[PDB]
Amino acid sequence: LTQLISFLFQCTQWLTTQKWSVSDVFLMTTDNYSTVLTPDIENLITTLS
Amino acid sequence: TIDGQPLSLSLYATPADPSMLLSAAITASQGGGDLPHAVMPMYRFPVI
């Protein structure tokens, strides 16, 4: 429990030092992305194809 | 009070914060062009 408190504190201070939100690291880190096929992905397909 | 003024002061709540304005560069996709029908010329390879 005190290890998780220490982790939350150092992660929160890291976030406010970098001026990132929790949504920013969530966008940079998650596995819960959407699986829909986006015109960015389509441009990657035809450019690299 | 004797004059009609209150003893317990009134509430001054916090107003709404200034929001951060958001925009987005949404993107589209036109595909590649279909390659046309080839036509045989009359000249040799260096000329054409």
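For this deposited structure, the header cites cryo-EM as the method used and 2.84 Å as the resolution.

A.B. asks: Teacher, can you tell me more about the overall build of chain B here?
C.D. replies: Counting its secondary structure elements, chain B contains 0 helices and 0 strands. Dimensions along the principal axes, computed over C-alpha positions, put chain B at roughly 115 × 20 × 10 Å. When burial is assessed residue by residue, chain B has 0% of its 48 residues classed as buried. For chain B, the accessible surface area stands at approximately 5800 Å², while carbon and sulfur atoms represent 62% of it.

A.B. asks: Would you mind showing me how to read unusual backbone geometry here?
C.D. replies: Outside of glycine, negative phi angles account for most residues, and trans bonds account for most peptide bonds. All names here are of chain A. Notably, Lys19 is not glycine yet its phi reads approximately 55°, a positive angle. Tracing the sequence through the fold places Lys19 in the loop between α1 (2-18) and α2 (22-29). On the basis of relative accessibility, which here comes to 74%, the residue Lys19 falls in the exposed class.

A.B. asks: In this structure, what is going on with the packing of aromatic side chains? I would like to understand it.
C.D. replies: A complete count under the given rule lists 1 aromatic pair over all chains for this structure. Their ring planes at 75° and their centres at 5.7 Å tell us that A:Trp14 and A:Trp20 sit as a pair that is edge-to-face.

The rules we used
- Residues numbered from 1 in each chain as written, not as in the entry; some residues may be left out.
- Chains lettered and ligands numbered in written order.
- Part of a larger assembly, values for the part shown.
- Heavy atoms only, no water.
- Helix = DSSP H or I, 4+ residues; strand = E, 2+ residues; numbered from the N terminus.
- Buried < 20%, exposed > 50% of the residue type's maximum accessible area, 1.4 Å probe, protein only.
- Areas by Shrake-Rupley, 256 points an atom, 1.4 Å probe, with all protein chains shown as cover.
- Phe/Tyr/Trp six-rings, centres within 6.5 Å; stacked < 30°, edge-to-face > 60°.

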